[PDB]
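Pasting an experimental structure with its sequence.
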Amino acid sequence: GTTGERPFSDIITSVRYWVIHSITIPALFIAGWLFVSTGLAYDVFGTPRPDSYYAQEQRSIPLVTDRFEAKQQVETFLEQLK
Amino acid sequence: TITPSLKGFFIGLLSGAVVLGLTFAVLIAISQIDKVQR
Amino acid sequence: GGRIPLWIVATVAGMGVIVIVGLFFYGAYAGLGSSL
Amino acid sequence: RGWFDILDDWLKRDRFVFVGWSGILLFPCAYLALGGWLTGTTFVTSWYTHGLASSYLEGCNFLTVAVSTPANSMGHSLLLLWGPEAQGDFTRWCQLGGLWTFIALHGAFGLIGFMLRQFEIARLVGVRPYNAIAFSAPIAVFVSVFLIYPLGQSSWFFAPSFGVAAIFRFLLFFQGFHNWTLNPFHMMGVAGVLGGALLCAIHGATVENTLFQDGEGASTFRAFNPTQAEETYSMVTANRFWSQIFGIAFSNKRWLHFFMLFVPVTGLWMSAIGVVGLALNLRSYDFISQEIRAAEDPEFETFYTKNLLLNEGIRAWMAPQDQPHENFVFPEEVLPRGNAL
Amino acid sequence: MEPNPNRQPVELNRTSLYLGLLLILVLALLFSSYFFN
Amino acid sequence: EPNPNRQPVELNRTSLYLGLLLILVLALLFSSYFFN
Amino acid sequence: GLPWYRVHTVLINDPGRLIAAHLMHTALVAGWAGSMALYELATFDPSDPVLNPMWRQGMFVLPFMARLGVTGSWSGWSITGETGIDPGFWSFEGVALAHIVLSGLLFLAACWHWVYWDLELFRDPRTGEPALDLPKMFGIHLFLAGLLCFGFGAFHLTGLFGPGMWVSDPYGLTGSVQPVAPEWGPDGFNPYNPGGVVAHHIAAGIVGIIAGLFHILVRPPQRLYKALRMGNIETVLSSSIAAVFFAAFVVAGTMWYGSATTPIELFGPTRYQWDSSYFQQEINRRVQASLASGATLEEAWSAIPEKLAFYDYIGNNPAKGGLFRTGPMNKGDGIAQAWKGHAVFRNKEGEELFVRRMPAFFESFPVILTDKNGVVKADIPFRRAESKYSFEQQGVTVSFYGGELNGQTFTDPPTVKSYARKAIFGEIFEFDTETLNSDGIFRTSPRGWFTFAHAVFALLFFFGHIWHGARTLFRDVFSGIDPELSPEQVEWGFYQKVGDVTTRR
Amino acid sequence: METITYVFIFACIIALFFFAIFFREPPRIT
Amino acid sequence: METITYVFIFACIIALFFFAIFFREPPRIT
Amino acid sequence: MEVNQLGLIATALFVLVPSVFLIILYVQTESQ
Amino acid sequence: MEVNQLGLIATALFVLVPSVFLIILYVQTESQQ
Amino acid sequence: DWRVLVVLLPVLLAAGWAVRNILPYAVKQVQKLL
Amino acid sequence: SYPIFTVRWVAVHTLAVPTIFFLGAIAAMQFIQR
Amino acid sequence: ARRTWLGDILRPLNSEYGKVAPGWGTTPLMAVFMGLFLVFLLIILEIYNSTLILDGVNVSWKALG
Ligand code: CLA
Ligand code: CLA
Ligand code: CLA
Ligand code: CLA
Ligand code: CLA
Ligand SMILES: CC1=C(/C=C/C(C)=C/C=C/C(C)=C/C=C/C=C(C)/C=C/C=C(C)/C=C/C2=C(C)CCCC2(C)C)C(C)(C)CCC1
Ligand SMILES: CC1=C(/C=C/C(C)=C/C=C/C(C)=C/C=C/C=C(C)/C=C/C=C(C)/C=C/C2=C(C)CCCC2(C)C)C(C)(C)CCC1
Ligand SMILES: CCCCCCCCCCCCCCCCCC(=O)O
């Protein structure tokens, strides 16, 4: 009733497994943290920061209204913030 | 003539061919290496 | 092979889940999404 | 025995996770649909398509995060990364709603891949393919709701967004605009889903309370062996019980398990038909006879007329924020309201 | 010419009759309101 | 303990044709008066 | 014995009676066509193709005869309004009667094939068993299909030997049957270019002839024959159903979005023409031109053809109906009689106001009047006590240009609101509601009903494809799995390759 | 609806003629 | 006529209940 | 023509009900 | 109430036609046994 | 820009560290694979 | 005799590796202030 | 079975049941046409969708004149 892979319970109770993964897991956790704390996640995805949903005296949503000028519309909205 | 969306179409076509061909190159190599024994 | 006893792996892993989830619930009351 | 057969051999190796030829379609598309949803709900806004925050990065929680539908102005654009709208700009693609088509399209092909997997494994193992046939019902639901329905409407914008509360909004939209509870195809779906859950509970309970004593332990689970030939519970006693309790009972184990396949699968198929109608706004919204009488006779009131007033409140009150591209401005004086509230 | 050998008897047992009538009667009960409209 | 008085009933194909003819022709005659 | 859901399987190994059953089905379908046409002819009113076209009347097969060139009746009328015409034998009535005669002839042929089922043609010459050479049959039938497809494009659609097809201007004002030249360039794939429909049938028809010849002369590869069970007629059913549901999805989409093969004078406008104000923009364009060349408001709007104004009305939008609201659209808002004229609203200071139009999603919609800049200036209030924008307070008036009410102005607030409630539907029409006892509730057009039925059939045929495809590939275990199935064959690790007994360890 | 009803009944009768003649119980010399 | 129709269909279902319980095909062991 | 509306159902049942009776009797005669 | 008149004929045939089909099939099964 | 290396550095080091501790055992696997 | 790298190994890390990265990013988010 | 005049004429058309070409036969060539047809359907789809915009191809009713 086995397909030849090493049993999971044998791996996670093994010392070598924990030698590797007590490094690999916190590193991945720290990398993900830095992705957010450096601000890179906002930039990659285009997600507004708390200060850049609206212009200062603006209460209108910057809604995309054109299919083929959409990219340019976003870009114009962004300029109007800076 | 050759419009921007036609270039993008070719970009998309080429990208899919690369993904499909690279995937099958790997699958064929592995299958040659690790054969079943009869 | 069977070095680290399984019941100790489960306890530490389980408390790690509790910590991460607890931090998400703390975050419901602080900063973004807290209504304040 | 050329390269095709050699590849066949490797795809069909008995391993922890069976691969198969179907795995070439299933595993990329399933991983990408799922990874697309986790990426979007963690990081991606809906500010430019909906005027909504929708990610953990923005302050949302698991109930309010979503991968939201594209803006109404995109129509039914495929929104390919390399297409004319985003023009290969990954960031603009996210902001324009591209993750939605990404997830819906890869999810669709992943569903195909999963049903082919059910066929593939069944053929290799030697069983009849009824699990694959039953899975046709989730497929009809997905394509009717996520693809056919928005394709009949003005744009993808009106498909469901992929999130807990976004789906809740979809339910309420369908009440107020389509009067979907009144639709007999949905009612047949309700009966199939609740009838299936009933059958599930009643069958599980019946087996567990007509067991044969096949061991001495108080835990009766231990007294079963997967290779035993004998039935582990008494069909005869189960039949007597239900005949005397309810009047009728199953007597054929094969019919019973087929009926358990039949009831929820048929129910889901019926609801899918109704959503196909709603793609065209072909609703069962009204009863004409009720409306003629109520227009003429202001003392005539039913639960039917009471619910339409509820639908009218929903529409007028949610439409401006829910359809922001329409620029609905409803002054306070036009909003329907009862006394005081 | 021989008689056709592909012919088969057809059956419907009493339980199937009860199930089918119940299906039809309940469907009629459901849809009749929409036919009268 | 079955009842001994039960009998099978029969209708041959000719009687079906005759009977179907009676009904259709009666319907054709009276339908004008039903519509009036 | 056979369960009720399997009675027709007695035909699987009976090619003769299979043909008989298929003949009977073909008879029933052609007979329906004939009956449906006769019913539509007995109910069709041809007296006003402007405000009472066929698609307002619930006509379903009439548009399909018209699409391919059948346009007149033996009674002397034609659907384009021309009068005193002689269509020859191929009138609506003659098409109907041809289908009824065809149905009767197929019925007789079905009887013969059912009785004389044991034809030596159906027997394998070596083994004496009934057998159909499905690969070669496919090639023969494909060649035939290719010849017809080519002929239909080369002769019927071009007018080289035939009538052509329905074509029209972009706004559905001047449609007629016209011969169509092929479009061979990339615009031939434009769904709105009728020339591409001609080029498609010429090009695909030749490909079908070529592929037909291939499939007659070249046997299937052994690998493919065994993989697809080409000795089993049920594999053909499975793949024919897949082709058919695919085709059904395409014709549903093109009916809903519109194409050169679904013109708006035969099926009605699409919902998207309402969404995009397609007819209103054209109307405004013409009025602005009349105004540019110095015509007055009355003259500019009076020049607007009623047919164009009737397209700019939500009651002809196919997304405004209901599943159980039955019959023709005339049964709802009534039989359209006249365009009332274009309503212009103004407040007490003379600003022109614009009624906000009802979107298709909404069964009901408030009455909100805006200025050119979208600022709300008047409405019909729900709660009166804090109303700021009532017609009474804003002095809203309505004036009409063109149409029946041309040059009239109304100022009494209840009449002005009455027209404002109609204006959310677009252009305003006078309807006859008495003749059909119309109930006042919008119904959908033939474009809506056709799309609904074909999208629903396509989905259900998907399941048919899955069912019969499963039965084809799993024939050997249809009645159950092997009672001697080895537990080593389904347990893990016994075999290297799943289900392959030669890979034992 | 009444025209359709009259013709429907008439058409069923002609169909019955066909079966009564060509699909009768054959008279056998018994 | 619609009240009569609803009640009629409902009455038929109740009668069917009676036959399905008291005139079922009896389950017979092995 | 202003005919009686119930004449359709009366005619329809006049045909269906006795016809079905005969068909039932005939088919069960054949299967025994 | 101003209901669709054809609703009655539609309902009656919806019940009658498939019910009669089932009854036909059941009775001729019984006379086999 | 620089934030990408800050994000990528822990991953490279974790992959580096795993490659070290496992390399002798991966090499045996590739080999027994003839 | 057990292999280290398998199809299973790939599937596991395909899911587990971005999961931990994501938990790290969401954890940091709990300290963002408006 | 019954022989007929028409049956004798059509007879060779139903006489090669079960006959196959060996191995893979023309399967490679088939795959080439399938691949071409896919690309061709993609183009048709994306024109209709306005994802592929071609010069002088106005995917609109206004292409009737
Ligand atoms: C089974 C695998 C699979 C499948 C079915 C899909 C399917 C899809 N993807 Mg996904 N994708 C996959 C794997 C897959 N993807 C992987 C592994 C990745 C990571 C690299 C992605 C990343 C990805 C992105 C980023 C996007 C998609 C998108 C899409 C959609 C459009 C694809 C398209 O137009 O193809 C067109 C291409 C083909 C059909 C290739 C066919 C090749 C033919 C047969 C031969 C051509 C020969 C060649 C051109 C000749 C070479 C020329 C050379 C000599 C010059 C579609 C739903 C898009 C989407 O979802 O938009 C909403 C999108 O933006 N995919
Ligand atoms: C008694 C209450 C009740 C019940 C039982 C139902 C039952 C149903 N409703 Mg109805 N609903 C109700 C009340 C109710 N409703 C009310 C009051 C309203 C307000 C009007 C609605 C509004 C409503 C709408 C608007 C819709 C329904 C739909 C449905 C159907 C959903 C079927 C289903 O499983 O979809 C679940 C979805 C699927 C099965 C799709 C495939 C899913 C794949 C397989 C998932 C794969 C997951 C992946 C592997 C892992 C993801 C993990 C990730 C989360 C981490 C079902 C018949 C839907 C419908 O009719 O569908 C046709 C629909 O669109 N309902
Ligand atoms: C110069 C030669 C030439 C020209 C000008 C044309 C011109 C045309 N062809 Mg033809 N064709 C030709 C040669 C040519 N053809 C040849 C040689 C062949 C090979 C035999 C074909 C095969 C062919 C096919 C198979 C089709 C056309 C179609 C068309 C039309 C395209 C516009 C349209 O409405 O597409 C609309 C159709 C599409 C955009 C295809 C969409 C396919 C969908 C996306 C597949 C998905 C199905 C799936 C089940 C989805 C269901 C669920 C979904 C709702 C989510 C147009 C009349 C199409 C047509 O007839 O449309 C009416 C069509 O389907 N042609
Ligand atoms: C593709 C098929 C099709 C389409 C699209 C149309 C379309 C149309 N027809 Mg035509 N017709 C058709 C087939 C079709 N017909 C056939 C086959 C017949 C012969 C019966 C007719 C006879 C006919 C007549 C006599 C008339 C029309 C009329 C009309 C128009 C109005 C239709 C209407 O109100 O629908 C109403 C539709 C519904 C109420 C929907 C019914 C669907 C039910 C609810 C489904 C049942 C569900 C099922 C039982 C669930 C059980 C499943 C479960 C057990 C698993 C419209 C243009 C009318 C018209 O205006 O003519 C001028 C008219 O008087 N038609
Ligand atoms: C060209 C299409 C086509 C053809 C030729 C067949 C042929 C067959 N089917 Mg398939 N099938 C199809 C489409 C098709 N099917 C589709 C679309 C579906 C999904 C709904 C199915 C689902 C299906 C199942 C689940 C089963 C079959 C079975 C069978 C076999 C026996 C059928 C029988 O005795 O019915 C007898 C049917 C009756 C006595 C009454 C049916 C009455 C229905 C419910 C309503 C009637 C509506 C009206 C008369 C027709 C409207 C036409 C409309 C489509 C335009 C036979 C080989 C059976 C099989 O495999 O047996 C081995 C089986 O179990 N079929
Ligand atoms: C989109 C895209 C893409 C892809 C991506 C991906 C693939 C991703 C993935 C992703 C991932 C893969 C992620 C993951 C994540 C996860 C998470 C985040 C999780 C969490 C969880 C939790 C939280 C849980 C917990 C719990 C609880 C709560 C309770 C109970 C217990 C438990 C423990 C379960 C690409 C590149 C192509 C590009 C394009 C775009
Ligand atoms: C023999 C003969 C003849 C005659 C013929 C005839 C007279 C015919 C008729 C035919 C006909 C006249 C037919 C008709 C048909 C019909 C049908 C075929 C129908 C169908 C229907 C259906 C199928 C429907 C269904 C449905 C319903 C009911 C409800 C809704 C839904 C649906 C749609 C599903 C002649 C003189 C020529 C010559 C000599 C021989
Ligand atoms: C038939 C199956 C094909 C599926 C293959 C999936 C396609 C792979 C998509 C990966 C392409 C991403 C490249 C995006 C390039 C955008 C840059 C640009 O437009 O200039």
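Right, received. Where do you want to start? Residues are numbered from 1 along each chain as shown, chains lettered A, B, ... in the order given. Ligands and ions are numbered 1, 2, ... in the order given.

May I ask which helix or strand encompasses the spatially most central residue of chain E?
With distances taken as CA atoms, centre = their mean, the residue of chain E nearest its centroid is residue E:20 (5.4 Å). In the assignment (DSSP states H and E), residue E:20 maps to helix E:14-36.

send the alpha carbons of that helix over as PDB?
The C-alpha trace of helix E:14-36 is given here as PDB (Å, rounded to 0.1, in the frame of the first residue of the first chain):
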ATOM      1  CA  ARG E  14     -44.800  -0.700  -9.900                       C
ATOM      2  CA  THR E  15     -42.300   1.200  -7.900                       C
ATOM      3  CA  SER E  16     -41.100   3.000 -11.000                       C
ATOM      4  CA  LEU E  17     -44.700   3.900 -11.800                       C
ATOM      5  CA  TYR E  18     -45.200   5.500  -8.400                       C
ATOM      6  CA  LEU E  19     -41.900   7.400  -8.700                       C
ATOM      7  CA  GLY E  20     -42.800   8.600 -12.200                       C
ATOM      8  CA  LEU E  21     -46.400   9.700 -11.300                       C
ATOM      9  CA  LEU E  22     -45.000  11.500  -8.300                       C
ATOM     10  CA  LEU E  23     -42.400  13.300 -10.400                       C
ATOM     11  CA  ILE E  24     -45.100  14.400 -12.900                       C
ATOM     12  CA  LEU E  25     -47.700  15.500 -10.300                       C
ATOM     13  CA  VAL E  26     -45.100  17.500  -8.300                       C
ATOM     14  CA  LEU E  27     -43.700  19.100 -11.500                       C
ATOM     15  CA  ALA E  28     -47.300  20.000 -12.500                       C
ATOM     16  CA  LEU E  29     -47.900  21.500  -9.100                       C
ATOM     17  CA  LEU E  30     -44.800  23.500  -9.400                       C
ATOM     18  CA  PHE E  31     -45.200  24.800 -12.900                       C
ATOM     19  CA  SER E  32     -49.000  25.300 -13.000                       C
ATOM     20  CA  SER E  33     -48.800  28.800 -11.300                       C
ATOM     21  CA  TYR E  34     -46.400  30.000 -14.100                       C
ATOM     22  CA  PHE E  35     -48.700  28.600 -16.800                       C
ATOM     23  CA  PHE E  36     -51.600  30.500 -15.400                       C
END
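
Disregarding residues adjacent in the polypeptide, which is nearest to residue G:3?
Nearest residue to residue G:3, sequence neighbours excluded (CB to CB, 6 or more residues apart in numbering or on different chains): residue E:11, at 6.8 Å. Just so you know, the C-beta spots here come from the backbone N, C-alpha and C atoms, and that holds for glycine as well.

Residue G:124 now?
Once flanking residues are discounted, residue G:124 sits nearest to residue G:131: 3.9 Å by CB to CB, 6+ apart.

so who does the residue nearest to the centre of chain E touch?
Taking CB atoms under 8 Å, 6 or more residues apart in numbering or on different chains, we find residue E:20 in contact with E:12, K:18, K:19, K:22.

Next: residue G:497.
B:36, D:9, D:12, D:13, D:14, G:503.

Pick the one among those closest to residue G:403.
residue D:12 (73.8 Å; CB to CB).

thought the closest one was touching residue D:124?
Yes. Contact criterion CB atoms under 8 Å: residue D:12 and residue D:124 qualify, at 6.4 Å.

Can you work out which residues contact both of the two?
Among the neighbours of residue D:12, those also in contact with residue D:124 (CB under 8 Å, 6+ apart) are D:20, G:498, G:499.

Make JSON lines from the residues you listed and add neighbour count, secondary structure and distance to ligand 6 to it.
Output for the shared contacts of residue D:12 and residue D:124, formatted as JSON lines (neighbours: other CB atoms under 10 Å in any protein chain shown; DSSP: H, G, I helix; E, B strand; the rest coil; distance: CB to the nearest ligand atom, whole Å):
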{"residue": "D:20", "neighbour count": "22", "secondary structure": "coil", "distance to ligand 6": "21"}
{"residue": "G:498", "neighbour count": "21", "secondary structure": "coil", "distance to ligand 6": "28"}
{"residue": "G:499", "neighbour count": "15", "secondary structure": "coil", "distance to ligand 6": "32"}
